[PDB]
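There are 2 protein chains.
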Amino acid sequence: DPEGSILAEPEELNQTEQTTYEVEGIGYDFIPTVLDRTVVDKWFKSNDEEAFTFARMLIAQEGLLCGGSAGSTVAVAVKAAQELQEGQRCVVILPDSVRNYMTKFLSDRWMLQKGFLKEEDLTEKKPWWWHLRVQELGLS
Amino acid sequence: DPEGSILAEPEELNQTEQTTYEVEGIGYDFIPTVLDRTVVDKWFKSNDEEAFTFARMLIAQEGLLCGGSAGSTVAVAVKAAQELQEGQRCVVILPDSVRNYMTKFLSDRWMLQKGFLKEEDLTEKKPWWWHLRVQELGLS
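Just so you know, the sequences run in chain order B and C. Counting in PDB author numbering, the first sequence runs from 281 upward without gaps. Counting in PDB author numbering, the second sequence runs from 281 upward without gaps.
If you want it as structure tokens, here you go:
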């Protein structure tokens, strides 16, 4: 359940100042009738930053063209499955595709504007010549 | 005695193929009537390249504004004087000043033009930034 929603229980997890989040399709300000919270063993809260980071990581490392909700699910799973051991199995549901987010997190400009990416993080992975200026080239 | 000239004795010293040299004021293709070679203990041959190098060294290090002929004398002095020990004294005659050679060896272009200097040899003493290009500067 993303931060800013009230679905997650116990209620102590929902104590946050903001109720606006960029992730789409999950989280609500009310408990839907169809939702049976009694069968959910445990709940985890997630934030937009980790969701989009994990979605990008999924796209780049596994080839799964998924959206933000999938990123949130995988981010929660990497924490929850720590209690598991070898020979056990985990399953995560990836709801939607990246077609609905082409100009959203899939775009670096949007993430930088929203603050989910930092110049330090973006440039740390870049090669040595990334910061050299154009004038250093041989050009005429 | 400069190379090409025949003032030096024994005659075996004067066995060289070129009869012309850049240095001025010393050396002739004949023995002057006033020259009494008998009072000279030893003779040395000299060339332009070493003479001008010492002349520049004299100016750059000893502060002596003397011509190439003075450089020739010192160029041989460092070789002949090696037989002397501490407490002994050596005297070198410096004929004339640098005034008569401004466009000559005093000019780096003239030395490079005559081949007495090499680009790699000359530039090896220059700072590390010597071979960088203008485009690398910050300019607007």
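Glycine included, C-beta positions come from ideal geometry on N, C-alpha and C.
Pair within 8 Å by beta-carbon distance, residue i and residue j
i, j, result
"B/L374", "B/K325", "no"
"C/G307", "C/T296", "no"
"C/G305", "C/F332", "no"
"B/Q415", "C/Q415", "yes"
"B/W323", "B/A288", "yes"
"C/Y381", "C/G347", "yes"
"B/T353", "B/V371", "no"
"residue 442 of chain B", "B/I286", "Outside the shown range of chain B, which is 281 to 420, sits residue 442 of chain B, and nothing can be said about it."
Chain-ordered neighbours of residue i on chain C, where CB pairs are closer than 8 Å
i, result
"B/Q393", "Within chain C, no residue comes near B/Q393; the closest Cβ sits about 29 Å away, beyond 8 Å."
"B/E416", "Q415, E416"
Anticipated Cβ contact below 8 Å, residue i with residue j, distance rounded
i, j, result
"C/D328", "C/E302", "4 Å"
"C/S377", "C/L345", "6 Å"
"B/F385", "B/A355", "That belief does not hold up - the Cβ atoms of B/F385 and B/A355 are roughly 13 Å apart, past 8 Å."
"B/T403", "B/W409", "That pair is no contact at about 12 Å."
Task: Residue ranges of each beta strand (DSSP E) within the region 290 to 335 of chain B, 3 or longer - done: none
- [ ] Could you tell me which uninterrupted alpha helix (DSSP H) segments, each at least 4 residues in length, are contained entirely in the region 343 to 400 of chain B, listed from first to last along the chain?
- [x] 348 to 360, 388 to 394
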